[PDB]
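run14.cif (mmCIF, C-alpha atoms) appears below.
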```cif
data_model
loop_
_atom_site.label_atom_id
_atom_site.label_comp_id
_atom_site.auth_asym_id
_atom_site.auth_seq_id
_atom_site.Cartn_x
_atom_site.Cartn_y
_atom_site.Cartn_z
CA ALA A 1 38.67 316.31 212.92
CA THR A 2 40.26 318.43 215.62
CA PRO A 3 39.27 322.10 215.30
CA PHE A 4 41.90 324.64 214.27
CA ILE A 5 44.38 322.06 212.78
CA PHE A 6 43.81 322.98 209.10
CA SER A 7 44.50 326.60 208.02
CA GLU A 8 43.73 328.66 204.89
CA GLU A 9 47.16 327.69 203.46
CA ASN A 10 46.74 323.99 204.35
CA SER A 11 43.03 323.46 203.68
CA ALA A 12 40.95 320.50 204.67
CA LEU A 13 39.38 320.09 201.24
CA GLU A 14 42.82 320.09 199.59
CA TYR A 15 44.08 317.46 202.04
CA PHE A 16 41.14 315.09 201.74
CA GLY A 17 40.76 315.57 197.99
CA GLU A 18 44.39 314.59 197.58
CA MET A 19 43.67 311.55 199.76
CA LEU A 20 40.71 310.64 197.54
CA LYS A 21 42.55 311.23 194.25
CA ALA A 22 45.27 308.94 195.63
CA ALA A 23 42.68 306.13 195.81
CA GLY A 24 41.39 306.42 192.24
CA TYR A 25 38.37 308.54 193.15
CA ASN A 26 38.09 312.21 192.19
CA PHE A 27 39.37 315.28 194.02
CA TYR A 28 36.04 316.98 194.68
CA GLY A 29 34.46 313.87 196.17
CA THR A 30 31.79 313.40 193.49
CA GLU A 31 31.15 309.97 192.01
CA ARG A 32 28.59 309.63 189.25
CA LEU A 33 25.49 307.54 189.90
CA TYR A 34 22.84 305.85 187.80
CA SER A 35 19.10 306.15 188.30
CA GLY A 36 17.74 303.02 189.92
CA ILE A 37 14.32 303.74 188.41
CA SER A 38 15.09 304.67 184.80
CA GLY A 39 18.53 303.04 184.57
CA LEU A 40 20.22 306.08 183.02
CA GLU A 41 23.35 307.84 184.19
CA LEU A 42 22.16 311.07 185.78
CA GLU A 43 23.54 314.20 184.16
CA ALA A 44 25.01 315.55 187.41
CA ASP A 45 27.72 313.71 189.33
CA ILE A 46 26.70 313.23 192.94
CA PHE A 47 28.58 313.95 196.16
CA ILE A 48 28.79 310.73 198.17
CA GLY A 49 30.77 309.79 201.25
CA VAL A 50 30.75 308.24 204.71
CA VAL A 51 29.33 310.19 207.65
CA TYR A 52 28.60 309.26 211.27
CA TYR A 53 24.90 309.28 212.17
CA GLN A 54 23.41 309.29 215.65
CA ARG A 55 19.87 308.12 216.37
CA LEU A 56 17.85 310.39 218.64
CA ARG A 57 15.68 309.27 221.54
CA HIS A 58 12.48 310.92 220.24
CA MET A 59 10.36 308.40 218.38
CA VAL A 60 6.81 308.71 216.97
CA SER A 61 6.04 305.66 219.18
CA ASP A 62 6.38 307.91 222.26
CA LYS A 63 4.77 311.05 220.78
CA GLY B 1 64.26 358.99 286.16
CA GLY B 2 61.37 358.36 283.84
CA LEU B 3 61.15 358.00 280.03
CA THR B 4 60.83 361.24 278.00
CA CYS B 5 60.12 361.89 274.29
CA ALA B 6 63.45 362.28 272.40
CA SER B 7 64.26 363.95 269.09
CA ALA B 8 62.14 363.08 266.11
CA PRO B 9 63.71 360.61 263.77
CA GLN B 10 65.42 362.21 260.74
CA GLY B 11 64.70 359.28 258.43
CA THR B 12 63.05 355.92 257.93
CA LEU B 13 64.44 352.71 256.47
CA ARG B 14 62.06 349.98 255.20
CA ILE B 15 63.71 346.62 254.43
CA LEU B 16 62.20 343.90 252.24
CA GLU B 17 63.93 340.82 250.63
CA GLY B 18 63.70 340.66 246.80
CA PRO B 19 65.14 338.36 244.04
CA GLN B 20 65.74 339.46 240.35
CA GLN B 21 64.42 338.82 236.76
CA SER B 22 66.10 336.38 234.32
CA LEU B 23 66.54 336.74 230.55
CA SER B 24 63.40 336.60 228.35
CA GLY B 25 63.50 333.28 226.47
CA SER B 26 59.74 332.67 226.10
CA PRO B 27 59.90 328.86 225.44
CA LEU B 28 56.21 328.47 224.52
CA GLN B 29 55.71 324.70 223.96
CA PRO B 30 57.53 321.25 224.15
CA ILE B 31 56.32 320.17 220.67
CA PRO B 32 55.03 323.64 219.55
CA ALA B 33 52.28 325.04 217.22
CA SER B 34 49.36 322.95 215.87
CA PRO B 35 51.28 320.32 213.78
CA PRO B 36 49.37 319.72 210.51
CA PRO B 37 47.48 316.49 209.55
CA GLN B 38 49.19 314.97 206.47
CA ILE B 39 49.47 312.36 203.63
CA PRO B 40 50.58 308.71 204.40
CA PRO B 41 53.45 308.06 201.89
CA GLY B 42 52.54 306.23 198.62
CA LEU B 43 49.08 305.05 199.92
CA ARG B 44 48.09 303.37 196.56
CA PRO B 45 44.48 302.92 195.30
CA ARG B 46 42.55 300.37 197.46
CA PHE B 47 39.77 299.87 194.84
CA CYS B 48 39.40 298.96 191.13
CA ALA B 49 36.61 299.02 188.51
CA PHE B 50 34.93 295.84 187.21
CA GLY B 51 36.03 294.57 183.76
#
```

Before we go any further, please render this structure as structure tokens.
Amino acid sequence: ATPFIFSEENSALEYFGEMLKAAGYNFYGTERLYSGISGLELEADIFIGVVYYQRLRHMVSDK
Amino acid sequence: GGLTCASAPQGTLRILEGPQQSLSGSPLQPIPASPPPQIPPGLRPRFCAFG
């Protein structure tokens, strides 16, 4: 994810959507979910992925 | 027998030592530009549906 490595001509979304479509998923990164409460396939297909979360040092236990 | 002022100098020479410029080649980088991130060949799907 180095800055300034992907231009307007070579886009990042194009690159990673091709990567995804090469794995059987869809270009735009949306997979369609079901509702865990009603059990029905939601009408909109959701955008899901893997992101890196940090946990901050500020906790309600200290404030 | 003493020292007296003589005629004013007619000119001055100032010497300095200087080397010269080479040709402009402008060789910017060993491996140049920002080389683009790219597709691994073939890849293949690493996942299948159930059924």

Q) Which residues of chain B are close to chain A, meaning at most 8 Å apart when you count all atoms listed in the file, and how do they look as an NGL selection string? A) :B and (34-39 or 43-48)

Edge lengths and centre in Å, axis-aligned, range 4-22 of chain B plus 3 Å each side, as lines of an AutoDock Vina configuration file:
```
center_x = 63.1
center_y = 350.2
center_z = 256.2
size_x = 12.0
size_y = 33.6
size_z = 49.7
```

(Q) Please expand the PyMOL selection byres ((chain A and resi 48-60) around 7) into the concrete residues it hits in this file, giving the result as a ChimeraX atom specification. (A) /A:29-31,46-47,61-63

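The gap separating CA of residue 44 in chain A from CA of residue 32 in chain A is 7.2 Å, in Å to one decimal.
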
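Between CA of residue 31 in chain B and CA of residue 17 in chain A the interatomic distance comes to 27.9 Å.
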